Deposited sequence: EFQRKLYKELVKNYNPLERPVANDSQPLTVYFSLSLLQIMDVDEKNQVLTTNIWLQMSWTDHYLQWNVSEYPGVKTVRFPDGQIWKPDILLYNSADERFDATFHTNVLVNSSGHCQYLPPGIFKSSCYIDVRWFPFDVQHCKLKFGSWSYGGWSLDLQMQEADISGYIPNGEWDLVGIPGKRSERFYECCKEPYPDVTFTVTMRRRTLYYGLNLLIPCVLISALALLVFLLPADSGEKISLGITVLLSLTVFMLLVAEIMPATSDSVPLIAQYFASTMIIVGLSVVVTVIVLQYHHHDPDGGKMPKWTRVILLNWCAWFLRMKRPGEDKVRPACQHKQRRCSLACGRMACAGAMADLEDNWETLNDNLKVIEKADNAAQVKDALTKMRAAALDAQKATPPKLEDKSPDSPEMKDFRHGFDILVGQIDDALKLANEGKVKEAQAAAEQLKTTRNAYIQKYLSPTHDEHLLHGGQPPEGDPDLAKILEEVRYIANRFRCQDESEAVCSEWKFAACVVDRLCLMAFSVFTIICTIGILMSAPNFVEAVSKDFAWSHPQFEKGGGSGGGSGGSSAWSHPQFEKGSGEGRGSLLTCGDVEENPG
């Protein structure tokens, strides 16, 4: 009886076009905040943050007021979209095809004319995802909000701290914080200044998934490549091992392209890490070819250089701690015996070449092993957030 009566009274002569101020010269104060419930998706390839947010808009409507002693029990009323004036606050950096992802809900108004509006929404925003340090990256995604059509002389937008009390954690992103800033800009369209409120979602990637599915594999594929330097040359499988490892690694790096954006702001950390890993496998194939050249050297070919004889078989090797009728019968047997002696000298020359191959193989094992460790450790720890990541996620 009193609710029906009040609704009929509150709409009499009410225009949702009118900004609901008592004094038309003064701006209307709109308090804008939001509640962050969930981060639904961070698309690094499309540069789009998807969040579940409850926008919070509160203002005062001069015309929607009543004495609660005359409509007893009616402390609040509710109005749908199109029936009450609302601030036209939009997400400026929207990525939604519809642009406005807000789900329009009721505006709750109490007797003193205070209006509360909390529309939910799945918001897609355009966020510059800096993948320079991926997977140890921290992201700062801005959500800029302001009135589209009402400038600062008509709508005085103020900011209230964002609420994260009902935030649901994400298994992939750690919410560092959601600081907000109110600013007033000028636009070429418009001499009047237009205030906006920007909430910067600060997000730390949780690195357990990427550590075990992307970074530890490369170590394993880098360790497999090093096993070529322990395969004997006579096995006949050092190129099979090395080139198969590089095939696997190339396929592995293709799968990684699915996640990164095709941008040129910087060369990511994963790309540098891949470059190091690529180098280990590519140069182990090059070195493997050299080792096979030494192993399969023709004993009747070019004699072993003096530099090769000393740098490998002496210095490196020590460092590595490797180390009538009867006359005619005589002629035939002597030819057979001299032939055998020639084979003995030739295979001794081959043995020297094979030993040099082993020394080169062992030298490069140590060199590639150490260089693998330094590049892995150096590239990873160059990330500012690596130490934080291992302490919090591992």
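- In sequence order, the gaps in C-alpha coverage of the deposited chain fall at 324-478, 550-599.
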